[PDB]
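Below: the structure, in structure tokens.
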Amino acid sequence: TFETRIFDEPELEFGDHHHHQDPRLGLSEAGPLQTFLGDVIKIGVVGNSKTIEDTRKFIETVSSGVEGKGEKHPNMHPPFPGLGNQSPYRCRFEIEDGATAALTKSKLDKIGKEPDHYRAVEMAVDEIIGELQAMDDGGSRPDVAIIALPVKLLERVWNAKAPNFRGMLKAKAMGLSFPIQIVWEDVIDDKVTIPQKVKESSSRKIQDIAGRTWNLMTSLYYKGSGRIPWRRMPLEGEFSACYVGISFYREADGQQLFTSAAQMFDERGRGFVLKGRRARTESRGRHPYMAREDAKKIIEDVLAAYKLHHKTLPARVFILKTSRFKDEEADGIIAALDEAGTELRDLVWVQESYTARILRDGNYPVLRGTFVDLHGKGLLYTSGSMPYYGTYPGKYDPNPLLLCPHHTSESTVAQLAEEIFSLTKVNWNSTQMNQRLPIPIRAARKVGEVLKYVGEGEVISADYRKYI
Amino acid sequence: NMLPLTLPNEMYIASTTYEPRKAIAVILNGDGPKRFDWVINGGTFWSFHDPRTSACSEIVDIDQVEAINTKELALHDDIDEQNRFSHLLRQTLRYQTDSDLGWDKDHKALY
Amino acid sequence: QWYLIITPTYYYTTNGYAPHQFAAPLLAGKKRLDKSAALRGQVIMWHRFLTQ
RNA sequence: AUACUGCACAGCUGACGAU
DNA sequence: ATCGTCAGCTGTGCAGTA
Ligand SMILES: [Mg+2]
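Chains as they are written, first to last, in the deposited numbering: chain A, 2 to 162, 179 to 485; chain B, 167 to 277; chain C, 333 to 384.
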């Protein structure tokens, strides 16, 4: 029989050393980890007048406060504690007049009944980018720009009537001074209906009036303030580390392959650094995996960033990858680490396409945090039933992960599993607790999803506020 | 959901070579009794015995039987041999299956 | 110690032995209403199938 | 594309045998 | 010139919030 373990629920760190494990309750009790020095955050809105009025009504409505959804599960549906003296962010959001643009009906008609699926997206993105450029060059620049898409505009760039509108929008908006956030006209009022892509009989489904706000205002605060709301809780007596994430993506046409990396590491005070890179390392082959010199370059850039910030070198160079480590990749990584002079190192392949499952008796699945050591490999469950929520928030048997080291790591299994289970709840795009993937993979995927549409010879930035 | 297996003792190896996949297909249409637990690698038969009393001597041809225990076969740490061993286990799972049919072409199911 | 892994699933036919054109959405509809208790029972049923 | 989970489908990469 | 085996990786769409 194999040896099993059950991991505890990880705790986060909010302001003034509050501990707690729920983002919503911790934000409502102690507030953000990094408090904003100002008092107001300015927001700019772009769209037709109906969307602007809906957005204004929405923020003035949610300023007073929204009650909860249900009574059977109090923790899973907490009420939003207003936006005022009892705000969870200890700040205010204020939409200033004059920092608001508009799009004429004739201009949208030009992006209406127009042929081809690449020209119309081009006209829409260049008009929106030019309007934002004209807004930014004045004296009413906001801290975050909200793009409220009309219902009609969706029928030409998203539904039916082929690139990604969001990808080209983010790629063209990379060269700005403030990040942007896109809404879909049904988050701001519960009276509109957007049809689906292939079948028009159904429609989109929205979470809740109280569930929208807990994510939207958190993301808006992060994008418009630049301060991290929460972070993982460091232990006592652990070594200094630096986490790197590797991923691969294919371009729009040609089915060649590329490589993306993410460069998390901790901070001296109370902070957390999470950023991408500043280059793309060619398109060497349409296969997966990576070459040797690219791995050398990635490791060198990561160590250069850590040396620039901390004025020293880290003691752990933890590496995660979505594919099996070939011999040349490991050779390059080991050569770079040995030339740099670091002693501790871990290389882990995270696998999702496995078939072994754990079955228990009863109407509810296995607890979140069960680990089974399969003769060197590790089966870890990051989804399932939780006692804090009081139920299992899913619809089927959850999907476990298989962790496997490349025979040269300096730490044993059931410690890498503990670190990966610790690293999953840090995601400032959602407030839930049922997230499966750790952040070094999701960050690289989100970076690549926008880096697909950057043309040759353009400039790119390491800012994470321009990829989410 | 794991399940252990226990492999048989003896393994039979032949040296027939003039039989591609097409030849063994067109000979398994007109084979009579159906056992369906052989593989083709080129110059080898690689089956679980029954070389004469199985209506398979048209490809066996009473070749020089290399009686080798399967205990050394599973220990053969080679990927190319491991894929063929898994192929033989998969094809032997296709026995005791005509009573329950299944396995159309793609879903790898046993309906 | 060769190991076998079983993963329960469903196969749809129109009647007897014939493919169904609308075979894709029935799997999702059956998997959506399932619980986490039938899978273990199906697994031990398959084990009893193979052992007997 | 306020969000996450679960499922489905489609592509195309490596190692092995010959026509 | 594609056909068989073995292990994989990405995109593109729904349902459901327990
Ligand atoms: Mg977002």
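We put the CB at the ideal spot given by N, CA and C, even for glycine.
- One thing to note: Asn232/A has its Cβ no nearer than 8 Å to the Cβ of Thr441/A.
- Interface annotation for the region 239-252 of chain B against chain C: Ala240, criterion Cβ-Cβ distance under 8 Å.
- Closest in C-alpha terms to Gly474/A, from the list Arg287/A, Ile130/A, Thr298/A and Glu255/A, comes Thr298/A.
- Contact of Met177/B with chain C is not assigned, every C-beta pair being separated by 8 Å or more.
- Short of 6 Å from the beta carbon of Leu173/B, and not among the five residues preceding or following it, lie these beta carbons of its own chain, in chain order: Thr236.
- Between the region 221-228 of chain A and the region 191-201 of chain B, the count of C-beta pairs closer than 8 Å stays below three; the two stretches do not touch.
- Taking a Cβ-Cβ cut-off of 7 Å, the neighbours of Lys367/C in chain A comprise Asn380, given in sequence order.
- Exclusion of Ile148/A from the 7 Å shell around ligand 1 follows from its C-beta lying no nearer than that to any non-hydrogen atom of the ligand.
- In this structure, ligand 1 has a non-hydrogen atom nearer than 7 Å to the beta-carbon of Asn446/A.
- Flagged as an interface residue toward chain C: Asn167/B, by a C-beta distance shorter than 8 Å.
- Closest option to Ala479/A, judged by alpha-carbon separation, among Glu95/A, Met403/A, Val63/A and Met191/A: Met191/A.
- The residues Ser277, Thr339, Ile458, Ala461, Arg462 and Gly465, in chain order, have a CB closer than 7 Å to that of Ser264/A in the same chain once the five nearest residues on each side in sequence are set aside.
- In the displayed model, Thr387/A falls within a strand according to three-state DSSP.
- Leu359/C is outside the set of residues whose beta carbon lies under 8 Å from a beta carbon in chain A.
- By the neighbour-count criterion, in which 16 or more other beta carbons inside 10 Å mark a residue as buried, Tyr261/B falls on the exposed side.
- A distance of 8 Å or more separates the beta carbons of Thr210/B and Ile245/B.
- According to the DSSP assignment, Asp110/A belongs to no beta strand (DSSP E) but to the alpha helix (DSSP H) extending over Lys106 to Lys111.
- Counting along the chain, the unbroken alpha helix (DSSP H) around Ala191/B starts and ends at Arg187 to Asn195.
- Bridge pairing for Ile226/A: absent [DSSP].
- Taken in chain order, the whole beta strand (DSSP E) runs of length 3 or more contained in the region 46-123 of chain A are 93-95.
- Relative to the non-hydrogen atoms of ligand 1, the Cβ of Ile485/A comes within a distance shorter than 7 Å of at least one.
- Counting only Cβ-Cβ distances below 9 Å, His215/B has no contacts in chain C at all, with the closest Cβ about 18 Å away.
- In chain order, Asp203 and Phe214 place their CB closer than 8 Å to the CB of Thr258/B, counting only its own chain and leaving out the 5 sequence neighbours on each side.
- Between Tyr277/B and chain C, the shortest Cβ-Cβ separation is below 8 Å.
- Within the region 338-351 of chain C, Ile338, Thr341 and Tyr343 place their CB atoms closer than 7 Å to a CB of chain B, listed in sequence order.
- The Cβ atoms of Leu364/A and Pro422/A lie closer than 8 Å to each other.
- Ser236/A has its CB nearer than 7 Å to a heavy atom of ligand 1.
- Between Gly184/A and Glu268/A, the alpha-carbon positions lie close to 12 Å from each other.
- With a 10 Å radius around the Cβ and a threshold of 16 neighbouring Cβ atoms, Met377/C comes out exposed.
- Each of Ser220/B, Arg201/B and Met177/B was checked against the Cα of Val231/B, and the nearest Cα belongs to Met177/B.
- Bridge partners of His392/A according to DSSP: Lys394/A.
- Within chain C, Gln333 and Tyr335 have C-beta atoms less than 7 Å from the C-beta of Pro170/B, given in sequence order.
- Within 7 Å of the CB of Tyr413/A, the CB atoms of chain C belong to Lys363 and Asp366, in sequence order along the chain.
- Here the C-alpha atom of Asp110/A lies approximately 28 Å from the C-alpha atom of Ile96/A.
- The C-beta separation of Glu128/A from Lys108/A comes to about 7 Å, placing the pair in contact by the 8 Å criterion.
- Looking at the backbone, the Cα of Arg301/A and that of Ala308/A are separated by about 8 Å.
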